[PDB]
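Below is one structure, written out as C-alpha cells, with a few remarks after it.
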Amino acid sequence: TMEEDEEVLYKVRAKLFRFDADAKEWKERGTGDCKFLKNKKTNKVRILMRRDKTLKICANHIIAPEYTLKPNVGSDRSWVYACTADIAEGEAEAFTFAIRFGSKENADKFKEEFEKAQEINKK
Amino acid sequence: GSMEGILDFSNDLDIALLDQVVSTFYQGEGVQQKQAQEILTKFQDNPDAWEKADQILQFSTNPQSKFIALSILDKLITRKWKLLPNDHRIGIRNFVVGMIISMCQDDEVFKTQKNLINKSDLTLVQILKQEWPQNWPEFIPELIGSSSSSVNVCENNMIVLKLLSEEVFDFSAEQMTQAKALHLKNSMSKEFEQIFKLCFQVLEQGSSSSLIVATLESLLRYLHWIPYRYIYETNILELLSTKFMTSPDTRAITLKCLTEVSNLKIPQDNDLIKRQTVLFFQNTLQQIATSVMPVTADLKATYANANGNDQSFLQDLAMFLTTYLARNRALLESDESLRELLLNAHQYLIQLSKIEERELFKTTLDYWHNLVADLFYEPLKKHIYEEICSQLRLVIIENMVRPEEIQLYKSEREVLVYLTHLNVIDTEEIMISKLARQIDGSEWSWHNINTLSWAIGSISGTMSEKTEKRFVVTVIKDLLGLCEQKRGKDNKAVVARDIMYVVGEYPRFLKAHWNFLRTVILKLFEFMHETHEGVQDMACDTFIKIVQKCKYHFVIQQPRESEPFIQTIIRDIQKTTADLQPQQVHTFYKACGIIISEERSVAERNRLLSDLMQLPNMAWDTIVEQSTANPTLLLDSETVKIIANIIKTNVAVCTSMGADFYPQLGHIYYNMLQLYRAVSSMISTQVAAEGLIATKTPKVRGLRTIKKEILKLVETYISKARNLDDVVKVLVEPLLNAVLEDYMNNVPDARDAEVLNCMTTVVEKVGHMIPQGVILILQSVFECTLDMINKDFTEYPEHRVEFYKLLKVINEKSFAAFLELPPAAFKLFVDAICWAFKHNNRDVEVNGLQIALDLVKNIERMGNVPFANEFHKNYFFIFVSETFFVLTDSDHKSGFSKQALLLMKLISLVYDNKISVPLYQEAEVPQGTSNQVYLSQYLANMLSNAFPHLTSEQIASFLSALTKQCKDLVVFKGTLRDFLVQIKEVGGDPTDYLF
Amino acid sequence: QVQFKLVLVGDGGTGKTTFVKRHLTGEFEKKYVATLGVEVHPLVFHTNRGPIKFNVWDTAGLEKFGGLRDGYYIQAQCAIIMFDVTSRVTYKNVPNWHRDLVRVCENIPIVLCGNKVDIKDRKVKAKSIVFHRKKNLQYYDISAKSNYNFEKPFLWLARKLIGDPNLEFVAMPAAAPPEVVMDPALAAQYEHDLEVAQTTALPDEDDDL
Ligand SMILES: Nc1nc2c(ncn2[C@@H]2O[C@H](COP(=O)(O)OP(=O)(O)OP(=O)(O)O)[C@@H](O)[C@H]2O)c(=O)[nH]1
Ligand SMILES: *C[C@H]1C(=O)[C@]23[C@H](O)[C@H]1CC[C@H]2[C@@]12CO[C@]3(O)[C@@H](O)[C@@H]1C(C)(C)CC[C@@H]2O
Ligand SMILES: *C[C@H]1C(=O)[C@]23[C@H](O)[C@H]1CC[C@H]2[C@@]12CO[C@]3(O)[C@@H](O)[C@@H]1C(C)(C)CC[C@@H]2O
Ligand SMILES: *C[C@H]1C(=O)[C@]23[C@H](O)[C@H]1CC[C@H]2[C@@]12CO[C@]3(O)[C@@H](O)[C@@H]1C(C)(C)CC[C@@H]2O
Ligand SMILES: [Cl-]
Ligand SMILES: [Cl-]
Ligand SMILES: [Cl-]
Ligand SMILES: [Cl-]
Ligand SMILES: [Mg+2]
C-alpha cells in the first residue's frame, strides 16, 4: 500500500471534484476517506484519498504551505484550492480541486488540520 | 487514410486491405482501432456493400471479415430480400449453402472457426424465413439426407435446426407478422416427424460427444413447442435420464432438457404417463448419487471452490429439483416405495440451500415457500417432511438478512413463520441453542448475533401469547448475559442494539407487561443523549416502531399510573430531545403525533397537540415578532435554519395526525403565508443583486427550503383533510394569493416545482368546489411553465412532470376550466398534450396520452354542441397523426398500449358516428361523403407520404383491418405490430392483415 | 499483462457509458449522449493476485447507432448485460441482448445488472427478475449514481477469469508525492482558473456527501 512509513494525523469522509476548463463544470474524481499522512522519515504531510470499494487513489499530493483554501459560492461545507502536482493518476499534474464534507463542522475542522499540516511542511 | 480505400466503391474491393482494417479493429488499440471502427461501420452501412459479400467469402483469409460480410447479407435478407430478382435470391442461397458445406468438410476450419459457421447457419435461417417452404419445399428432406454423409455436417445441421426453432417459436412474436409466424410454425410442425426421427437416431446411435451436445441443444428448443407424445411414447426419457447424465459434456444440457420436460403439458388422468414422470426423476437422481456426488456431499464447499462448471451444474440441479418437485411432488407422497426418492431430492435441495450464492439461495427459497405453504394448508402432508423442515429451520435462521433487504427478508420471514407454526417447539430449541452457542463463544461474532436477532424478530406473532411470553423472557435474559460477558463499549453496543431490535419486534409482549414497556422507553431517552450518532439514530428508529405497534397503551392511563404516559413524554420533551439532530427531533415529534391521534375526545387531543407543539410554537412566535419588527433580521442564516426546522416539525406531526392537525395549522397559517411572501421577496431581491448564481448559494437555498416545506405542510394537510368546507372557506384563497403571483413573476430558475405539486393536491381534493380557483391556477402557471419545458426534453425535469400531473387532474376534476380558455390558449393546451407524447420520460409520456384520452372523453360528454364540433374540426386529425407518429418512429415503444388505446378511441368516434359534422372542409371531397370514407383517405395519404416504400395495397389492407378492429384491443394491437414489422422491410404481403 | 475483452450490452439509456466513465475517472455524467457503434476503454483493477485489465467494449443500445452490432461480440472473454429498473421495456429486451451475445460467445461469464436502484419509484421489482437463473448469469442490483454494488460485476468476472474465488480488490500502492517548486510566471494563470472555479457551483449540493 506504501502507507506503513506514515502516521495518520487526521481522517474524514469527503467527495473530491476537479474543475474541467474546456466545459466550465466540476467533475467528481472520487468519494471515500480523506487522510492526512505524516511520513515518519521526512515529517512531510500529504493528502491521500481512496474511492469507496475500488480503493483506487483519487488524490495524492503534499499539503504545500503556498496552497490556500477558498470557499465555493454554492457550498458552506466545501473548500476549493489549486494543487500544482498530484500523482493519483500517474504523472504529476496541476488541478483546481474542490472537496466537500458531510457538515460545516467537518469542513471547518479540515481547514484547521490543513493549516496545521502546512506549518509542519515549512520546517 | 490508407484504410479508407475500401469505402471507395468505384474501385473493386481490395480484399487484403479489408482484412487489415478488420485486424486493426479487433487486435489494435488507441486512435488506429477507433479509425478502423468508423471505416468498418461506413462500409457495412453502404447500401451496395451486399454485392461484395460473395467476393469476401470466397477470397478473405480473415474469419472476422467473413463474419461482417454475413452481417451485411443478414441486413439485405431481413429488409430488401423480396426486391432482388429471383436469379440473385437462388444465387445467394447457393453460395451460403456451398460455404457451410465447404467449412464442414475441412476438419481444421470446422474446429477453429465456430463463430463463422454459427453466423453462416443463422444467415441460412434468415433465408429460410423468406423462402422456406413455399420456394424451398425439399429443404428438410435434403438436410436429413446430407446429415448421413458426414459427422461434421450432421452436427452443423443440429445447429441450423436449433436456430430455425429459436427464430420461429422463441423470438418470432416481435420480429414477424402474426400471419408469417403462423405459416413458419405450421411448416415446422408438419415436418417435425422427420426431424425427430434424425434427432432420436443420432442420440440412440451416439459416438461424437459434440454431435450429441449439438443434438441435445436442439431438443431443448423443440421441448418449448412439440407435442408431449414425442417425449412420452418413445424411449427418449430413458436416454436423457440415464445415458446422457453419466457423461459430463452432455450432463449440463440433458439436465436443462429434463427441467423443460417437467413443464410439458400432460394429461392428469393417465397412470402410465405418471409412472414415466416418476421413472425419469428416479433415473436422474440415481445418476447424480452415483456419477457426480452423494446426498451427504458438502455442496457449499464444492461451489465455493468453483472448479470447471460445478457452479452452472449445481445451479441447473437446483432449477431441475424445484421445477419438478413444485409440479409433481404429489406423485411421490402416496406410494411409500417413493418416500426415499422424495426425501433424497429434498435433502439435495437442503445441501443446495447452504451454498453461499444469493441468487441460487433465492431460487431454493422460492421452492421452500411453495412447500411450507403447502404443508400449512394441505391436509395429511406435513408428517412426511418433519426431518427436512427441521434442517430448513437452521438454514433460514443462519442466513437471515436485515429488514432493509425487503424482498429477501420478507421471503425468509414468511418461510420461517410457516416453519414455526408447523413445529413451534423445534424452532424454539434451535434459536435458544444458537443463542447458547453465542454465550459459550464458539460461534460468537457481530454478524452472527445480529443475524440471529433478525431471525428471532421475524417469527413474532406466530406462537401463542403464553408460549411467546416465556420464549421472549428467555431470549432477553440470555442476551443480557452477553452484556455481562463482553467488556468494551463497541461489543456491548452491538448486543444492546440487538436487544432493543428484539423488543421492537415483540409488541404483544410489551402490550401485556406495562412496567417492561415503560422501562424500555426511558432507556431509549437515555440512549438519545449518547454522544455516538449511531446509538441516537438507533434509539429514535426503535421509539417510532414500538409507538406504531403500542400507540393505544401510551394514550390511556395505566394501572398504578398518575397520568397517560404521552402526558409524561411531552413534559420532558425539551430535556429528552436536547442532544438529537434536527431530523431525529422531527421523528420524535412524528411518534408523539401517532399517539395523540389515538385520543378520540376532541378536547383532550387538541390539548395534547397544543402541549406537543409548545417549543416550536414559542420559537415561531418570537421569530414572527422579530421578523415583522424588521425583515432585515431574516438575513441571518441561523434564523433561516430554525424556521425550516419549526416548519419541518409541523410537517412531521401533520404526516402522522392528518385531519387532526387542523387546530395547529390554524395557529401558524396566516403568519406562515406572510413568511412565504417575505422569503419570496428576499429570493427575488437576492437574484437581481447576485445573478442566477444566487439560487445556488447556501443563503437562497436556505430561503427556498422554507418555501418548499411551507408548500409541503399545506400539501400534506389537504391530502388527508376531512372538513373540505374549511379547506375552501379558510385555506385555499390565502394560499393561491401567496403562491400563484410569486410563481408567475419569478424568473424560471427561481420557480419552485413544489408549487405545481401543491396545486395538484388542492385540485385533487377540492377542485370540484373551486371552479374559479382552478381558472386562477391555470392562468398563473399554464403558459409560463409550458415555455420553460417546450424548447427541449431535458431542462427543468421536476416542472415538466408536475406540469402534466396538474393538467391531468384539472382535466379529470374541473374540465370546465379548459372551456373558459381563449382559443389561442386552448391551442397551446393541445400542443402541450402532443408535446408530452414525444417524451422518453415515462412519467410525462404516460400522463400525456392519458390527458388526450380523458380530453376526447370530456368532449364526447358535451354531445352535439358548437365547441365539440369545433374541437373535432380543429384538433381530431392532429391527435390521429401525432399518435401515429409516436406509434411508428421506434423511439416511444414503452407508450405502445396507451397509444393503441387513444388511436382506437379516435377511430371508434367516426365509425360510431359520434362526430356530427364533416371533418373535411367543403370542396375537398364529394358533398355526401361519410367521415368513415374521408378518415381512410386521409390516413392512406398520410402513411403513403411517411412510408413511401409501402404499396397502396399494403396501406389499404392495414387500414381496412385496423378500422374494423376499433373495439378489440388485443387484435387492434396485433394489427399495429404487424404494420411496425412491414414498415421495416420492402414487399410486405398485404394479405397478412386478414389474420 | 493479464488483459480480458469485456462486452457491455443493453438498451439505450440503461447507464452503460455512465457506469464505465465512473470506473475510469470517478465522474458521474448526468447528460445522455448515445454511444455511436462502440467505445473501447482499458480498465485496470489491483487484486491480491496482481493487476487485472479489462478492454471494455461499451456498445450502442439504440438500433440506429447499433454499428456492427454482434460484430463487437467476437472473441469476447466476458460480458455485462445492463437494464434500467425504472424501465420495464429494458428488462423485456434482456432475452434479445442475451440471444445475440451467446450466439457469438457460447461459454463466457456474463453479469446481468439492474441499474438506477437509487430511484425510489422502481418499475422492475426484485420478484420479476428471474431471467438469469436458467441462463446461469450472475445478477446485481447496481446504481452508477449512489455507487451501490458498483465494484461487484468486475469482482465476480475477475474471480471467474483468473479462476480464483478468493480474489479481492486491494489498495493500489501510493508513491511519495513531489515538492511543488511553484514558478511566478504561471502563478497569474492558476489564479484566473481558481477565480472561475469558485464562481461555478458544485453539483448536487443537496446530496449527503
Ligand atoms: N438516477 C440514475 N441515473 C443514472 C444512473 N446511471 C446512469 N444514469 C443516467 O441515465 C443516463 C444513462 O446514459 P448513458 O450511460 O450514456 O446510457 P447508455 O446505456 O450508455 O446508452 P447508449 O449508449 O445509448 O446505449 C444518463 O442521463 C445518466 O446520467 C443511475 O444509477 N441512477
Ligand atoms: C449424424 C450422423 C451420424 O451420427 C451417423 C451419420 O454420419 C449421420 C446420421 C446417421 C449416423 C449413423 C451412420 O453414421 C454416423 O456417423 C453414426 O453416428 C451412425 C452409425 C453408428 C455409424 C450407424 C447408425 C447411423 O446410420
Ligand atoms: C447490555 C446493555 C443493555 O442493553 C442495557 C445496558 O445498556 C447494558 C447492560 C444492561 C441492559 C439493561 C439496562 O440498559 C440496557 O441498555 C437495556 O437494554 C437493559 C434494560 C432493558 C433497560 C434493563 C435491564 C438492563 O439493566
Ligand atoms: C370500430 C367500429 C366499427 O367499425 C363497427 C362499429 O361501428 C365499431 C365496432 C364494430 C364494427 C362493426 C359494426 O359496425 C361498424 O361500424 C362496422 O365497421 C363493423 C361491421 C362491418 C358492420 C361488422 C363488424 C363490426 O361489428
Ligand atoms: Cl469469426
Ligand atoms: Cl410419436
Ligand atoms: Cl394500539
Ligand atoms: Cl399497390
Ligand atoms: Mg453508451
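Nothing in this text is a laboratory measurement; each read-out follows from the coordinates by a stated rule. Positions of Cβ are backbone-derived with ideal geometry, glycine not excepted, and every protein chain shown enters the neighbour counts.
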Listed residues C:147, C:96, C:166; largest mean-square fluctuation, Gaussian network over chain C with Cα springs below 10 Å, found at C:166
Expressed in angstrom and rounded, the centroid-to-centroid distance over alpha carbons for region B:216-283 and region B:139-167 is 22
Fewest Cβ neighbours within 10 Å first, please rank B:72, B:556, B:77, B:983 accordingly. B:556, B:983, B:72, B:77
Taking neighbour Cβ counts within 10 Å as the exposure measure, how do B:147, B:291, B:684 sort from fewest upward? B:291, B:684, B:147
In degrees, nearest ten, helix A:104-122 long axis to first principal axis of chain A (Cα): 50
Please list, ordered by chain and number, the residues whose modelled amide H lies under 5 Å from the amide H of residue A:85; skip anything fewer than 5 residues away on the same chain. none
Integer Hz, Karplus 6.51/-1.76/1.60 couplings in order for region C:192-209, x for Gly and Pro: 4, 4, 4, 4, 5, 4, 4, 6, 7, 6, 5, x, 6, 5, 7, 5, 3, 10
Decide, for region C:154-209, between rounded, prolate and oblate: order the square roots of the alpha carbon gyration tensor eigenvalues as a ≥ b ≥ c, take rounded if a/c falls under 1.5, and otherwise choose prolate if a/b is larger than b/c, else oblate. oblate
In nanometres, the difference between 0.36 nm per residue of separation and the alpha-carbon distance of residue B:890 and residue B:604 is 96.7 nm
Within a Gaussian network of chain C (alpha carbon springs, distance under 10 Å), most fluctuating of C:36, C:186, C:167: C:186
Estimated 222 nm signal from helices in chain B, with DSSP H stretches of n ≥ 4 weighted -39500 (n - 2.57), rounded to 500: -23500 deg cm²/dmol
Taking a crude spin-label model, label points 7 Å out from Cα along the C-beta direction, the residue C:199 to residue B:27 distance in nm is 5.4
So what does the Cα-only Debye profile of the protein assembly as shown read at q = 0.05, 0.08, 0.09 Å⁻¹, as log10 I(q)/I(0), no solvent term? -0.49, -1.33, -1.59
Residues with amide H under 5 Å from that of residue A:63, placed H, sequence gap 5 or more: A:45, A:46, A:47
Volume per residue, Å³, of the convex hull around the alpha-carbon atoms of region C:38-86? 110
Rounded if a/c is under 1.5, else prolate if a/b is larger than b/c, else oblate: which is chain C, with a ≥ b ≥ c the root eigenvalues of its Cα gyration tensor? prolate
Averaged over every viewing direction, what's the projected area of the C-alpha convex hull for chain A? Give it in nm², one decimal, please. 7.7
Quick one: which of B:52/B:80; B:410/C:127; B:256/C:160 span more than 18 angstrom between C-alpha atoms? B:256/C:160
Taking the radius of gyration and the Kirkwood hydrodynamic radius from Cα positions alone, what is the Rg/Rh ratio for region B:576-663, to two decimal places? 1.02
Loop chymotrypsin sites (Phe, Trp or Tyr not before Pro), region B:757-810 (other Cβ atoms within 10 Å of the site Cβ: 11 or fewer; DSSP): none
If you build a Gaussian network model of chain C, linking Cα atoms that sit under 10 Å apart, which residue out of C:56, C:38, C:196 swings the most? C:196
Largest first, please: the extent of the C-alpha atoms of chain B along each principal axis, to the nearest Å. 99, 90, 63
Residue B:483 and residue B:614 label points (each 7 Å along its Cα→Cβ direction) are spaced in nm at 3.0
Would you mind calculating the gained length between residue B:764 and residue B:699 on full extension (0.36 nm times residue separation, minus the Cα-Cα distance), in nm to one decimal? 20.0 nm
From the Cα centre of region C:105-164 to that of region B:406-478, the distance in Å is 32
Per-residue Cβ neighbour rank within 10 angstrom, fewest leading, B:651, B:602: B:602, B:651
Using alpha carbon centroids, what distance separates region B:872-920 and region B:500-578, in Å? 60
Within chain C, what is the longest stretch that has no GluC sites (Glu not before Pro) placed in a DSSP loop and near at most 13 other beta-carbon atoms within 10 Å? C:1-105
Between helix C:16-25 and chain C, what is the angle of the helix's C-alpha long axis to the longest principal axis, kept within 0 to 90° and rounded to the nearest 10? 40
Using only C-alpha positions, report the orientation-averaged shadow area of the convex hull of region B:351-486, nm², one decimal. 8.6
Over chain C, what is the relative contact order in percent, taking alpha-carbon pairs closer than 8 angstrom and at least six residues apart? 20
With 5 Å bins from zero, work out the P(r) of region B:204-321 over every alpha carbon pair and list the percent per bin. 2, 10, 21, 23, 20, 12, 7, 3, 1, 0
The simple spin-label model distance between residue A:69 and residue B:263, using points 7 Å out along Cα→Cβ, in nm, is 6.0
Exactly which GluC sites (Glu not before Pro) in region B:72-163 are in a DSSP loop and have at most 14 other Cβ atoms within 10 Å? B:138
PRE zone check, label point 7 Å out along Cα-to-Cβ of residue C:175, amide N under 16 Å, scope region A:83-123, hits A:85-94
Exactly which GluC sites (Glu not before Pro) in region B:215-316 are in a DSSP loop and have at most 15 other Cβ atoms within 10 Å? B:233
Using alpha-carbon coordinates, inclination of helix C:152-162 to the longest axis of chain C, degrees: 70
How large is ³J(HN,Hα), in whole Hz, for each residue of region C:112-120 in order, when computed from phi with the Karplus curve 6.51 cos²θ - 1.76 cosθ + 1.60 and θ = phi - 60°, using x for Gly and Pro? 9, 10, x, 8, 6, 6, 4, 5, 5
Read phi for every residue in region B:731-743 and hand back ³J(HN,Hα) as whole Hz from Karplus 6.51 cos²θ - 1.76 cosθ + 1.60, θ = phi - 60°, with x for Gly and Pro. 8, 5, 4, x, 4, 5, 4, 7, 9, 5, 5, 3, 5
If the viscosity is 1.306 mPa s and the temperature 10 °C, what translational diffusion coefficient in µm²/s does Stokes-Einstein give for region B:885-965 when Rh comes from Kirkwood over Cα pairs? 113
